[PDB]
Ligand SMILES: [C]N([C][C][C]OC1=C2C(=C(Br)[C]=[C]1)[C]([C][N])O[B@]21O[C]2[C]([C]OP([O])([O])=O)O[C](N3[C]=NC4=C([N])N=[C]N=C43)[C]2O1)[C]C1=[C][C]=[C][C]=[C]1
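Okay, here we've got a single chain as structure tokens, the form deposited without this ligand, with questions on binding and movement later.
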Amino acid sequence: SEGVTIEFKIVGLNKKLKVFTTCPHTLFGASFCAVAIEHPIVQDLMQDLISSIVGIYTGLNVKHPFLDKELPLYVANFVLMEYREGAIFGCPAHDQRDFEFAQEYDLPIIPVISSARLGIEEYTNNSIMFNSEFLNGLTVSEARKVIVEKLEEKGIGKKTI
């Protein structure tokens, strides 16, 4: 559904990777990036392990837009190309798809969503973000609103439904 496209700088090549996500507030808990096999970046400047033969590390990282931190870029068979761009960032702590990836390839787990008691959680007092620098202390809905403004003001991302 409605989401946002984020432009990641790749340390390896001149082309920048553009991922689509429905949960931009979890960007600070990102452990890695990953693309499908049929992605332009794969065939452009990179194959024996990919074509013949879970995911494979490209050898290059991507610069995290809001942290002095690099994330490993992967090419996995589980990644779906059809849905939008076919490129995503993995949040192990709040996604079982991304966790099983991080568990196998020893990628770090960073939780960023402090969940509240269930009776009060979803009604109004949405879970509190943390480990997210400026997003700390505010709710998920407020985090998703603010983080999009940071992406748009700095030319990093734009709204896409």
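Just so we're on the same page, rigid core means the largest C-alpha set that superposes within 1.5 Å between forms. Shifts are known only where both forms have a C-alpha. All residue numbers refer to positions in the sequence shown, first residue = 1.
Gap between residue 53 and residue 54: 4 to 9 deposited residues without coordinates. Unmodelled deposited residues between residue 46 and residue 47: 4 to 9, per the record. Checked against the record, the higher mean CA B factor of 64-72 and 115-123 lies with 115-123. Stretches 93-101 and 36-44 differ in mean CA B factor, with 36-44 having the higher one.
One more form of this protein, solved in complex with this ligand, exists but is not displayed; see below.
With respect to this ligand in the deposited bound form, the three residues 31, 100 and 111 uniformly fall beyond 4.5 angstroms at the level of their nearest heavy atom. Segments offered: 23-31, 101-109, 127-135, 66-74. Contacting this ligand in the deposited bound form at heavy atom distances within 4.5 Å is 23-31. Within 4.5 Å of some heavy atom of this ligand in the deposited bound form lies at least one heavy atom of residue 95. Relative to the superposed core, residue 146 undergoes a Cα shift smaller than 2 Å between this form and the one not shown.
Once the cores line up, the CA of residue 137 ends up less than 2 angstroms apart between this form and the one not shown. Fitting the two forms on their rigid core shows CA movement of 2 Å or more between this form and the one not shown over runs of at least three residues at 12-15, 50-52, 121-125.
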